[PDB]
Every structure is written in C-alpha cells, then in structure tokens.
C-alpha cells in the first residue's frame, strides 16, 4: 500500500505528518526524521479532537452572537432614522405653527377693519341719499310756488325761502388697516425667536435655601430683601449664609429649559445657575470652575459676565437698563444664554456660556445686598 515500495503503511512520520512504509523509514525519503508506530500516532492525534471540536463550537457561538448584534443594529437604524424625521418634523412644526397662527390673526383683523369701514361708509352713503332726495323735494316745491296767483305766492314764498336756505346749510358733516411694508418679513422673523423657546419653566423661590434676610411671596415666585435685621442662619449646608441668594427648588438635570425674571430698575443683582456639587456657605467665588454661571448688574447700568478669569467681562450696555432677563439652558449643547427680554416680542442676546455643565444645576438668583436701603426692589419670576 506504499504505492512506491508496494509494502503497506505502518510507520507515521511526525515531521511530515504522513504515513510511510518501513523502507522510506529505514533508508529512504524519511530516514532521519522523527517517526513512531501508526497505532501510537492515531492514539495521540485522537486526543486533540476534543479541543478542536470545542474551538469550533466556540467560534460558531461567537459568530452567532455577532450575527445577533448586527440584526439588532438594523432595527436600530430604522428607529434612529424614524426619530430623526420626527424631531425635524417637530422642531419645524414650531415655526410653522407660529406662521399659521400669525397669518390667521392678521386675517381676522383685516376682516374686522374692512367690515367696519363698510358699515361706516354705507351709513354716510344712505344719509347723503336721503339728503339728496330732500334737495330734490325742495327744488320742485320751490317750482310749485314759483308760478301761482299773486297773494298766495306772497303768503308762502318766504317760508319756502327760509326752509330752503337752512336745509341747504343743514349739509352733512364731512381706513385703519396695518398695511405691511418690506421689513415685515424681518419683524416676523425677529418675533419667531421668542416662540422657538420652550414653555416657561415654572420655578419656585425655595425658602429652604434663602438667605435669612430675604422673604418669598406670591406663591414662592417673588423674593424681596427686607428692611429689617435678620437672624443668623443655621448650618444647613444648602442655605445661603454670606451671599444673599436663593435658588429654585426645581433641580434641572437634562434637556433644555427657559425662564424669565423681572428685575426692572433694580440697581444690583446677579442671575444664573449654580451646580449642585458646590456648597453655598461662606464667601463664594463667582467663576465657572466653582459651579457658578452668573450674569450680573451693578450701579444700575453696568452688565458683567462672570466668566473664568480674574476680572468679569464688561458687556455692551443696552439702550435701556434691561427690565427682564431670559435664560436658556441646554445640557445637550452645554449652553447658558442670557437675553434682554424687556420687549415682550423680541429677545436680544446679552451673553452666553459655552461649557458642558458637569451635572445637575439649580437656577440661582443673587438678590444682592440691600446696601442700606437703596436696593430694596424685588426679583420676580415671569
């Protein structure tokens, strides 16, 4: 069975992993190799079978789990494209809802104006038609008395004359559409901004936090620093002891939020958000790395952003001292933007931080020192 020495295969060559005849093995191709008897070779190779079997089983289970992961990835591609479509739909429907509402309201007002013009004009019209037929009647009553016997002419001519005269002097006495010009596009665009914001987050001045000088009122939505001297504050690690400030009890942790506060003519204040990880006791250092994101006003008109530096950044003083501040907070984009919100229609950006906030934050209102009575105005949540 050697096929070359005609003598069957009985020796296994281990360096060539093939069978051989006794001669190839004695003095032939395989004379110097490592060889052993065939029975021992098969009994040595058979022992490797459990491990080859299990390496195959394990490889197949790996690939099966990968197949499972890919099959899941397909439906997650489906769902992701679905949510993308739906999110575009919803963010654009905000704008389309606004335009639709605006157009309908403009149209209602148009119809109102035009109908009122119609009735006013038609009234003056029918009252001239009456006056004009009175004139007609005068004219040919005058021609009735124009040619009649002498004495009856004398008996009524000058009553007719007087009547004519001052029904001539009884003569009758004599729109408001907001017609639109080129900057209307631009006014609608500027008004759309305020609507792009989320519904006003309805927060609450949290008396569990307020500095002992402050009082909350109007259902926890107005904070006022008091005429009177206050007791010292206890060591509750999140009541304010030195900085006269107060937080909302609502903790903001995800998504996007918008809120407005009415400052009016208050000469000094600060507004923004404080991290939950930083404590509120002792003197505070108003820079981001302390968990403080603050916009401030001092001396009635000087507006300072409290960004990570030594000095705060002076800002462009607006036309008027801002009477209401709007605050937009996006965690997804790490953004705290401050807006002049005195115009209830159009928002004007003051400043914005671009920092991914570490974790959850509280809206903080520094209703700053009463300073011997000159800063007694309140903070009002709009």
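Positions refer to the first chain, counted from 1.
Relative to its counterpart among 227 to 235 and 153 to 161, 227 to 235 has the higher mean temperature factor, C-alpha atoms as listed in the PDB entry.
With 37 to 45 and 346 to 354 compared on mean CA B-factor from the PDB entry, the stretch scoring higher is 37 to 45.
For the set 103, 241, 182, 256, the PDB entry puts the maximum C-alpha B factor at 241.
Sorting 220, 312, 288, 264 by the CA temperature factor given in the entry leaves 220 at the top.
In this PDB entry, the Cα temperature factor of residue 56 sits in the bottom third of its chain's modelled residues, the lowest group. Per the deposited record, the Cα B-factor of residue 326 falls in the lowest third when ranked against the other modelled residues of its chain. Sort the modelled residues of the chain by CA B factor and residue 300 lands in the middle third. In this PDB entry, the Cα temperature factor of residue 109 sits in the bottom third of its chain's modelled residues, the lowest group. Annotation for residue 187: C-alpha temperature factor in the lowest third relative to the rest of the modelled chain, per the entry.
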